[PDB]
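1. here is the sequence, then the experimental structure:
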Amino acid sequence: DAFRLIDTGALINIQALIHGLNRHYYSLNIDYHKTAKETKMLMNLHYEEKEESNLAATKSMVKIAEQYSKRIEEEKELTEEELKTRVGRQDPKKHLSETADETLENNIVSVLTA
Amino acid sequence: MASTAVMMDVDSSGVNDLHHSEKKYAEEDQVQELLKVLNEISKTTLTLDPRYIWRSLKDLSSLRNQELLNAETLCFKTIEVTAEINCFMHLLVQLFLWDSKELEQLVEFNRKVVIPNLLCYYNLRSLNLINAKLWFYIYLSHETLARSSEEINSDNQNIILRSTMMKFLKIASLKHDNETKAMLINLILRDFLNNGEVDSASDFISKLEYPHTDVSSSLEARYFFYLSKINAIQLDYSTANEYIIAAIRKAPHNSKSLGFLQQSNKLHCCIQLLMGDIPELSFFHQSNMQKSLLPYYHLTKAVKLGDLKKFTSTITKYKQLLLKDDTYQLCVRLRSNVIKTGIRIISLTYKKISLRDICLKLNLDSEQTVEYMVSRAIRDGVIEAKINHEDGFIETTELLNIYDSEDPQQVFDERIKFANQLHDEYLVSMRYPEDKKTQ
Amino acid sequence: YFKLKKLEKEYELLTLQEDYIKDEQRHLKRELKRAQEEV
Amino acid sequence: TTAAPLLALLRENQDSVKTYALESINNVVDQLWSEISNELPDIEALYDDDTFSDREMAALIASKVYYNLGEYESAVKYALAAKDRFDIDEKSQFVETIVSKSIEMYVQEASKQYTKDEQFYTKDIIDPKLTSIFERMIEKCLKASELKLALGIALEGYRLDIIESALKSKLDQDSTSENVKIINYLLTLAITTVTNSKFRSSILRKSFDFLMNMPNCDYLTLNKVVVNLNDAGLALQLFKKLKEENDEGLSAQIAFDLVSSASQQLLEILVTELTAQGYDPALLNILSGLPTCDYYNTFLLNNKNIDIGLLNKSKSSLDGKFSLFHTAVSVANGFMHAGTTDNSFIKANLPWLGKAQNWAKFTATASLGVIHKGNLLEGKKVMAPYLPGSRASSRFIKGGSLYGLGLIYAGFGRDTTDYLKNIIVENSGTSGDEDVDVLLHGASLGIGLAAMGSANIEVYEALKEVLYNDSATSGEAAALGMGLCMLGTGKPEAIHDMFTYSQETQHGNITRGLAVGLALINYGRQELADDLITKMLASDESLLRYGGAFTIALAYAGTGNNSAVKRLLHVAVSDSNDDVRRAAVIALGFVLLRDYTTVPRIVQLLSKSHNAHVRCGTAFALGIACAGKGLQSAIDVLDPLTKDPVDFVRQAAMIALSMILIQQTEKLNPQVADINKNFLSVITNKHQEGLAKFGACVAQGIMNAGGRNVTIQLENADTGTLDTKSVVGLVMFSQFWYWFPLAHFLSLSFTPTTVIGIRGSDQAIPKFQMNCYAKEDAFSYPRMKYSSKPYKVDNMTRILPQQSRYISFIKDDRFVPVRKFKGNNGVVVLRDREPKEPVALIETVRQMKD
């Protein structure tokens, strides 16, 4: 916020000064401007990516047994979850998808580097 | 009485007026649903008799009275128009052997209905108010001929029909001039399945499938059904079965499950036979022969062993039933195909056997045809083995894979192609509820 | 031929009618997300 | 039977056989092409045998197969090949199909041909066979002898040869009025349709020419046509032909077609022309239109329905927001007095002025020209005490007259304007007193006000310094008036300048209003400004993007450019800044003007959105599109928005409604009661803002503008044509909570419902109530169906664009129109058939002073 509490009249507010006793929050109106310049560079936040990505996170196959086991544990959670289908919860339908679905992208990209 | 009968027709016309307002989504499906109710009241008695009066007075209504051909009379340009057509629809409907015996009367009348003031302006207007089945279903009966001499020159009406159906295939403008269409083909298909070689099926294939949505799954399946039998002696099996695997439940038929789906199933059984798979007839025991499977079982029963003699005997016994279903042409291939199937389990197990044990099984069968008979086998794969007679040692390959191949992942793309399956088709069925909330 | 130049032509609108929307589609789509942020 | 023999006969020699093959085949193709579909490769080669003549058999045969194969440009080609086997009168659905199929091909071809050349069709490039058969069906279309049938084809066919002949032939034939109307039917259509106006503009000329054949054609037709062409010669040709045909009412009504239609820029050509042409000064006097201003005022002064008491009740409701509320009611008073010339409440509160603020003080002075708008003498004297040199209490009050002045004199005050521009130019290169800057700005305001649409570099220039003088006070108005001056296609240099000054000049507002000026001088340019549009679109800054829509509007306003809209949408879709979107949504209803139709369905999306601005920008455009129109349907969409928590939203919605709701009220629309009371409700409400009550009191005063007896009109089917001045107040009012001292611009689109005898001559103003029954909405209106029956009272007052046209004249009185109740209240003019006799005499304040 920005206060500056007093006016000319106003955008011309007018009375409380001439009639005295001006005590209020009284914001000003904020804005700001920059550029596309920094913006790009600012979007540049997130050698680099090549070093940084595929290929740095090729780290995927190491845990396949867990990547199984993860999925393998994803398994049990569901019949359980589904079972309730027969409010209050641990919903029969909820995690089921959610549970596995995350894996997929990495589970997917695991291939790619080759 | 005749009232309530007509009252239905009235209400139908009432819903025909819902078509006289606009499509007919109801009205057709109504007419469809009505077509289900068509069984109930029926007769012609004062149905058709007052119908003339109820129609009265239109010329074709009086023309249709030629189909009435009874004692009606009594008393009773716009409200009479498509109703009469819709009654001409019922005129068809009337005739199922419902309210009829020989439609050869109506055969002419079919044309003399279909042709006059009909088969003309209907492109988007009449929405499969044509039932060309019901058109042809008439001739379907008549094709019990035999009798007609064909008839004629040979048999030109049905020819002309194909042409007349073509005259709709013409009129099939893909303006939604569709639904009925491939029945016309299904006709011509089964007309090939009468005497013919479908291969213009490919040309039929060239055009289209019954596109698309608005068609009854039935005909859509009944499409596949014939469309299978294309690949039948086209000797594609999967796709044929895939059609069956596009066919059966799937177009819900239960009533038509009885006589008709057996036919479907009858062919289905043949497929895995063509693929040598012999699925478990354990169910196909039932809702089956009786009138359908068990020769296929007998076949399967053979095809499990594939003992040519014992196999042939089945055919030898069931040939006429085969013949009745024209499944005879089949199974002649599968004879040695199972013999070859056995070959695989003769112990191809050993990385060989020598020549004359793998000959021995043929020394159980024939000799030095073995050379052929195994080359006959090795030809198609169906077994993977090797030999050289120089060695006289018939060398039966591993058949062994640590798979880590795309092989299952093909089967995933399969799954994957279903990853959207209703997942997409939900979005398909997301519109209907929520956009009909907008109305 | 005739009444369509009257009639038919008026469907070009209905073409645009689509074309109005799928535009506005992405709107709510994005209008979602940046808003999906603050919520 | 089955084609196997014919399949066999195919390759078999003896072209005789092949004939009899093809012959027999041809007949039985229809079914058996299916089998034959595999023989097509030979059949192809067969069509390649000049040896075998008949192969056009096979060609059309193949065409049969190809429909049956769904192949068409195949089939068409070989049907085209046939010519003999093929004929149009040969009737099969197929034939009918392939023809219709073959046909469509022509269109885009012709259109693609039309693309480069518009005489393309005079040439060979299209396969003449089609073109023949095309025209042969067009001939059949001629023999169908309903020719829109042919026209809409030839419309797309772009063949005037067809068209003109179709007309010309039919011309001498019959349909005296219809051959005229058939054009109009297509002509009015052509306006709605043809992409390239040139093709349509081609129509318009010939149309005029077809009508200029004249068994006394309808001129307002030609007027609009001309006004669509803006071709002075035609009008001058008319004028000559007019002078050849000369009759007062004819000239008058023509000049009434003219005074109500031709642009301030266009018409003035005809003026000097008509001057140079010789003339009837009545024409030059009709070129005034001050008679209307008089009549309008006369109508007003007579028919003003005021009830300031409720406005007093609205004014006595509060003085508050210091000015910013007290500001608004300084305006609605002007509305009810707009052109009506009354100080009623102005006197009531003189402490009003105390409660006014320097800008409100400025604005309250600008509140005058509204009140006096249409007094083309007094208003200066009205401003005189508050004019510069008459001093003032506030320099802005003093600045107020400046802008306030032109309000009456817009386009007519150029002298005083330029005069004041001298005062501007005087203080232009100097005088950074805010007081002066206002005196500069308020003048910098009113300058382009009257200078609008008139191209004066000085206006641009003198402002361009005042602009460049970088007074957020002053330089702003420059960013408008300069646009106003060159409002038109303007010049890209100013654009560069503006766009430069945009990026160059550092200010919010001064930078802002530039694009508006950019929006201005890009007007109807459409495709032209797309660069700057794209530039404005590509702008980081909202402001350029902002005005871009407005630019896109003034370019594409009226006729929808989908892509534009599509852009505008996606832009509004794709912009962070909401106001832009808001704006972008607002400007839609401009390029969306001509169809208010879907605008509710259009906004029915943006009606429902998380964002207020979206939901804000909704209100205007739809409230704009139906401003002069109906659709409580449209209305009712906004009533939820009238409850959108932001008062500023509903404030807009308040406005948006009333913009539509004038004259529409009272059980015609029962809703107005709430809507009115809603204001009052709000106006009563202390918990509603001076956002809320602002629009409320204004939207009230909106409905009550011009003694509530006046309407809001743009692209007026009265003229059938746009008037930019109608637009301006909107776009002016667009940014108001931005920059408050604006909306008085909205006085422009204020439009008379007047129905007054006038004459087809100099006017004794015989006033009769012509009495053809409407379901009576002159009874439906604020307090303080067609039965072809006599209406009660037809003289002036409420009327309606419709309640106009449920009312027809009596022939019994002395005076009769040629256009037979032309149908537009504002245009009045009962044409004078029987002067210096009974039908008495009636006068007015004009007749007094004028």
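-> Okay, I see it. Numbers count the residues shown, from 1 in each chain, chains lettered A, B, ... in the order given.

2. buried set for stretch A:97-105?
-> Using 16 or more other Cβ atoms under 10 Å in any protein chain shown as the test for burial, stretch A:97-105 gives A:99, A:100. Quick note: C-beta positions are derived from backbone N, CA and C, even for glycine.

3. is chain B within reach of that stretch?
-> No. Judged by Cβ under 8 Å from any Cβ of the partner chain, stretch A:97-105 stays clear of chain B, getting no closer than 10.2 Å.

4. could you list the alpha-carbon positions for that stretch in CSV?
-> C-alpha atoms of stretch A:97-105 as CSV (Å, rounded to 0.1, in the frame of the first residue of the first chain):
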residue,chain,number,x,y,z
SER,A,97,-5.8,-42.6,-10.2
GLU,A,98,-3.9,-40.0,-8.2
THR,A,99,-1.8,-42.7,-6.7
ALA,A,100,-0.4,-44.0,-9.9
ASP,A,101,-0.8,-41.1,-12.3
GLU,A,102,2.1,-39.1,-11.0
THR,A,103,4.6,-41.8,-11.8
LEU,A,104,3.6,-41.7,-15.4
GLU,A,105,5.5,-38.7,-16.7
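
5. in the stretch 101-250 of chain D, which residue sits closest to chain A?
-> residue D:195 (36.2 Å; Cβ to the nearest Cβ).

6. count of residues packed around that residue?
-> Residues within reach of residue D:195, counting by other Cβ atoms under 10 Å in any protein chain shown, total 11.

7. which ones are touching residue 59?
-> In the absence of a named chain, chain A is used. The contact partners of residue A:59, by Cβ atoms under 8 Å, 6 or more residues apart in numbering or on different chains, come to none.

8. that was the other one, I meant chain D.
-> D:47, D:77, D:78, D:79, D:81, D:82, D:85 are the contacts of residue D:59 under Cβ under 8 Å, 6+ apart.

9. please flag which of those sit within helices.
-> D:47, D:77, D:78, D:79, D:81, D:82 (DSSP state H).

10. for chain A, what spans make up the helices?
-> A:14-18, A:36-43, A:48-52, A:64-83, A:94-109.

11. ok, which of these comes nearest chain C?
-> So among these, helix A:36-43 is nearest, using Cβ to the nearest Cβ, at 14.6 Å.

12. which outside residues touch that closest one?
-> Counting by Cβ under 8 Å, 6+ apart, residue D:540 sit against helix A:36-43.

13. quick one: that helix to chain centroid distance?
-> Distance of helix A:36-43 from the chain centroid (Cα atoms, centre = their mean, to the nearest Å) equals 20 Å.

14. related to what we said a few turns ago, helix or strand for the residue of the stretch 101-250 of chain D closest to chain A, just tell me which one.
-> Assigned by DSSP states H and E, residue D:195 belongs to no helix or strand.

15. enumerate every residue touching it.
-> So residue D:195 contacts nothing (Cβ under 8 Å, 6+ apart).

16. roughly how far does it sit from residue D:155?
-> 11 Å (Cβ to Cβ, to the nearest Å).

17. spatially nearest residue to residue 9, not counting backbone neighbours?
-> Answering for chain A, as no chain was given. Leaving aside its sequence neighbours, residue A:9 sits nearest to residue D:357 (Cβ to Cβ, 6 or more residues apart in numbering or on different chains; 4.9 Å).

18. meant chain C, my bad for not saying
-> Here the residue nearest residue C:9, using Cβ to Cβ, 6+ apart, is residue D:193, at 6.5 Å.

19. do I have it right that the one you found meets residue C:8?
-> No. Between residue D:193 and residue C:8 there is no contact under Cβ atoms under 8 Å: 11.4 Å.

20. who has more neighbours out of those two?
-> Using other Cβ under 10 Å, the more surrounded residue of residue D:193 and residue C:8 is residue D:193, with 16 against 11.

21. farthest-apart pair in the contacts of residue D:59, please.
-> Spatially, the most separated pair among the contacts of residue D:59 is D:77 and D:85, at 13.1 Å (Cβ to Cβ).

22. picking up where we left off before, possible to save the ones in helices among the contacts of residue D:59 as TSV with distance to residue D:817?
-> What follows is the ones in helices among the contacts of residue D:59, written out as TSV (distance: Cβ to Cβ, whole Å):
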residue	distance to residue D:817
D:47	67
D:77	58
D:78	61
D:79	56
D:81	61
D:82	59
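
23. in a markdown table, list these along with neighbour count and distance to chain C.
-> Formatted as a markdown table, the ones in helices among the contacts of residue D:59 follow (neighbours: other Cβ atoms under 10 Å in any protein chain shown; distance: Cβ to the nearest Cβ, whole Å):
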| residue | neighbour count | distance to chain C |
| --- | --- | --- |
| D:47 | 22 | 31 |
| D:77 | 21 | 24 |
| D:78 | 28 | 25 |
| D:79 | 30 | 20 |
| D:81 | 21 | 25 |
| D:82 | 24 | 23 |
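
24. can you show me the helices along chain C?
-> Counting by DSSP H, the segments of chain C that form helices are C:2-6, C:11-38.

25. can you tell which of those helices is closest to chain A?
-> Nearest of the helices of chain C (Cβ to the nearest Cβ): helix C:11-38, 14.6 Å.

26. please see if that closest one touches chain A.
-> No. With Cβ under 8 Å from any Cβ as the criterion, chain A is not reached by helix C:11-38; the gap is at least 14.6 Å.

27. if we go by neighbour counts, what in that helix is buried?
-> With the criterion 16+ other Cβ under 10 Å, helix C:11-38 contains buried residues C:16, C:20, C:23, C:24, C:27, C:28, C:31.

28. for the spatially closest residue to the first one that is not a sequence neighbour, give its distance to residue D:724.
-> The reference is to residue C:16. Sequence neighbours aside, residue D:562 is the residue nearest to residue C:16 in space, at 4.9 Å (criterion: Cβ to Cβ, 6+ apart). Distance of residue D:562 to residue D:724, given as Cβ to Cβ: 23 Å.

29. many thanks, we can stop here.
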